[PDB]
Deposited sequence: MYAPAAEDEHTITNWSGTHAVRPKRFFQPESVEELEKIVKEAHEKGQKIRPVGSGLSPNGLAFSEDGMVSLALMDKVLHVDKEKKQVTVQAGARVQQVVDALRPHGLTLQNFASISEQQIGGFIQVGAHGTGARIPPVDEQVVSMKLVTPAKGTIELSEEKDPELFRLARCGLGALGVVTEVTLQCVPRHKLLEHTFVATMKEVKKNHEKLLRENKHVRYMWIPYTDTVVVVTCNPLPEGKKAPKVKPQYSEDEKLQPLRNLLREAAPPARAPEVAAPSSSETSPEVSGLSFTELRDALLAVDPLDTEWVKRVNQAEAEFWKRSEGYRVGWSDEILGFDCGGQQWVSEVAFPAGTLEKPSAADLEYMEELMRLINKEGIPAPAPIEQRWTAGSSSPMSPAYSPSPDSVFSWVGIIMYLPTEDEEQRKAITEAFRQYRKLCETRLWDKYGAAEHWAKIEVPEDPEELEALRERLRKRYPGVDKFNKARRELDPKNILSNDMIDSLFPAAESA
């Protein structure tokens, strides 16, 4: 049984692979692996871009433990087995009139894997998902099955719920839901100047805001979503006219066959496949994409779970950092300054950077390991995601792009992250081979994360034989 991540950038053939159907079966596996000193890294859907959950030695999946256990109608709360995919939870909650406060760009993540990395959506007043956990059960190699909440060892709770699978196997999570509700989604394009003008008010007056930045253009795609006051309503280009700049650029007879079945994101892939690391060509692809978005202005209505998802396109390298951008009441220009510099940087160095650079916002988290950890609840973090696509399975083309991206992320590390106090998404952080880079990263982590000594303390205590951790965890936290 091989496990491969979403983008096929990491795979693992674990010597031992468990898939219990019950807590009792899980408890027994962890007791025996404790006794025998055998590795058992928790794995959810295995999607993490950086293979965080992977172990050559042993992995345990709770995929078969995926029921909604309890819905507290009054407090709008759901208790669910960790192996439930976010999508299974949404479907289950449908009849009870509830949804999650936020969704990621996909919903194939297990609830366990979702909370253990502090995954997030967008909305300057909405925390990452780890802040939405009211309680959890956790099978530990030292103390068996323990229960954590604000009431029950609140300090361990806040450490554990965003634990990177290093503190125990989550079996059960209770989540603070909200009423199931429709969103009105408004997509429109702006210039940086137009973005700057309205930004401060836009974040604060719209429930969800997302900017898709298009390198080597002055097109920013703005997507706002707000609840629809019950029974409210809402140029207009065909699909063929929207896709026309991309089809014309690919065909370069008058027409296009086979191509016409390709979606917007499949066209971008086929276009980048042509000369992925040629900047002049990527400038041409990003311009064609800007034209597509300019022809895609308008409104959509759907349940929040349908609206808050995004087509992320083909296999890819991603890097996403969270950095402080003030609070609700004291705005910071840092989120827009970061993007100015990032665009200036990409031109300065001729980076063949495709679109989009995704920019989102979350409220702060009380979880000490959250990239958006803050002591103040009304802090605001901007998250900025850079991307390079792997549009084919040409092993040589994928190697060149892997290196291209390594240097792109490396230029953001050296020039921006320290300056802006940026922390890497736990599912997207890669471990340097160069020990100078590796020490540098550990130094960066001690800077971002003050409670790192408490995380290792909690590991010694709950996982003394260290069967829950892999080379990644040990290399990041020694």
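Missing C-alpha coordinates mark the following deposited-sequence intervals, in order: 1 to 9, 244 to 247, 266 to 280, 507 to 511.
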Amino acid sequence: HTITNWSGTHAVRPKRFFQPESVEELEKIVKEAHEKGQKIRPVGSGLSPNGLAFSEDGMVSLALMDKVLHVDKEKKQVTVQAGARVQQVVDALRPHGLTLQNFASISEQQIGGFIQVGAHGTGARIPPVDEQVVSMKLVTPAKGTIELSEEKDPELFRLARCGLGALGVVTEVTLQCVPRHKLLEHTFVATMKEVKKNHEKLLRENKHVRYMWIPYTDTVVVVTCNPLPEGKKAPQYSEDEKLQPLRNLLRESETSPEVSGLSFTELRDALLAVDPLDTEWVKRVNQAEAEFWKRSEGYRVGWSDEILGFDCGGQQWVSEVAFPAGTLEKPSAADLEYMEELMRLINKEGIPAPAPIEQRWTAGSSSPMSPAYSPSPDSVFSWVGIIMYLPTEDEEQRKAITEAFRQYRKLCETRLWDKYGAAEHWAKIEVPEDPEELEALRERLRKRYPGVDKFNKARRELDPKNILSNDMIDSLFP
From here on, numbers count along this sequence of modelled residues.
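Looking at 68 to 76 and 96 to 104 together, the entry lists the larger mean B-factor for 68 to 76, computed on C-alpha atoms. Here the stretch with the larger average CA B-factor, out of 449 to 457 and 57 to 65, is 449 to 457. The top Cα temperature factor in the record, among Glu297, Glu358, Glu150, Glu291, falls on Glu150.
Across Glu320, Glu254, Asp130, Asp240, the greatest Cα temperature factor reported in the deposited entry is at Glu254. In the PDB entry, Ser365 places in the lowest third of its chain by CA B-factor.
Placement of the Cα temperature factor of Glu430 within the chain: middle third of the modelled residues, per the deposited record. Sort the modelled residues of the chain by CA B factor and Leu416 lands in the highest third. In the PDB entry, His120 places in the lowest third of its chain by CA B-factor. Compared with the other modelled residues of the chain, the Cα B-factor recorded for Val301 ranks in the middle third.
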